[PDB]
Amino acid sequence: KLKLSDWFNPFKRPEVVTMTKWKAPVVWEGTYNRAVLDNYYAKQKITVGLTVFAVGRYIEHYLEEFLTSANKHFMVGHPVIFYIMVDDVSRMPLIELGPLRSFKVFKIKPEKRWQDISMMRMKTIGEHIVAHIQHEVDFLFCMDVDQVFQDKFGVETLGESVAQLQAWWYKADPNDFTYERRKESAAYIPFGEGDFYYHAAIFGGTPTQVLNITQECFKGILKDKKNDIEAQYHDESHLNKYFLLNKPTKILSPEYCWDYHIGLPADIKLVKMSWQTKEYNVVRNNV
């Protein structure tokens, strides 16, 4: 029975987009009352899950930093379960976790192409939601491993379906978004359409919603394979088509997923997560 104005004040950030035409909040630093929400969610005794995949040398390059930072900054004050999907459990860094954190690790098959490693997450996440995550958590985030939490990433981010504004295009016009523009692809979005460009490095929602996001995305990924086409930005293209069709009930500002290569402009007030510098020459093994 949470009311949006109970926790969200768009007027605190008058200079950026804080509400979508479909009434979803865009959560920016300054607009959220975390104390109110912490109190609310704690009475509900929620648990929040976080999936992260590290296949190949992504493990050595990023997984420890990811997990160490998640331990420190993700949903502090609430039980969290980290779900770690790796192709080689023997390379799992087994960091010390803090109060209300715990984890479990799954061995997954390494797909041959990095593009398929990235896309197949959609299949695997849905399998895991059905098998166990739906029974374990109230909300789930699914995140890329190549990034680091920098400050509190808390219950202000929770909602039925949560999308991340991608850091380079948040002020852009839809016709500049890098949507899949080939009509042959399941992820196609025509010029003239589109609300935002969402980053596939972070998405979440309830287990039920995330199951639908991932299932729908993976259906498009498979469909494209049958049509001998691969979306230009892989699962991200599909995710953006998903969220065009099924609008997110919450969007996170680029503060929640920031690329410091851009610098730090005035709109980015408090960074909660930052991208790792890309290292494709080492961590990917195909073009």
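Numbering starts at 1 and runs along the sequence shown.
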Review point. As stated in the PDB record, which stretch has the larger average Cα B-factor, 213-221 or 167-175?
Key: 167-175
Practice item. Output the stretch having the higher mean C-alpha B factor in the entry; the candidates are 198-206 and 82-90. Key: 82-90
Review point. Which of these has the highest Cα B-factor in the record: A24, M273, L264, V17?
Key: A24
Review point. If you rank every modelled residue in this chain by C-alpha B factor, which third holds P254: lowest, middle or highest?
Key: lowest
**Study point:** Cα B factor band for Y242 (lowest, middle or highest third within the chain)
**Key:** middle
Revision key, fill the gap. On the chain's distribution of Cα B-factors, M122 falls within the third called middle
Review point. Which third of the chain does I129 land in by C-alpha B-factor: lowest, middle or highest?
Key: middle
Review point. Where does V145 sit by CA temperature factor within its chain: lowest, middle or highest third?
Key: lowest
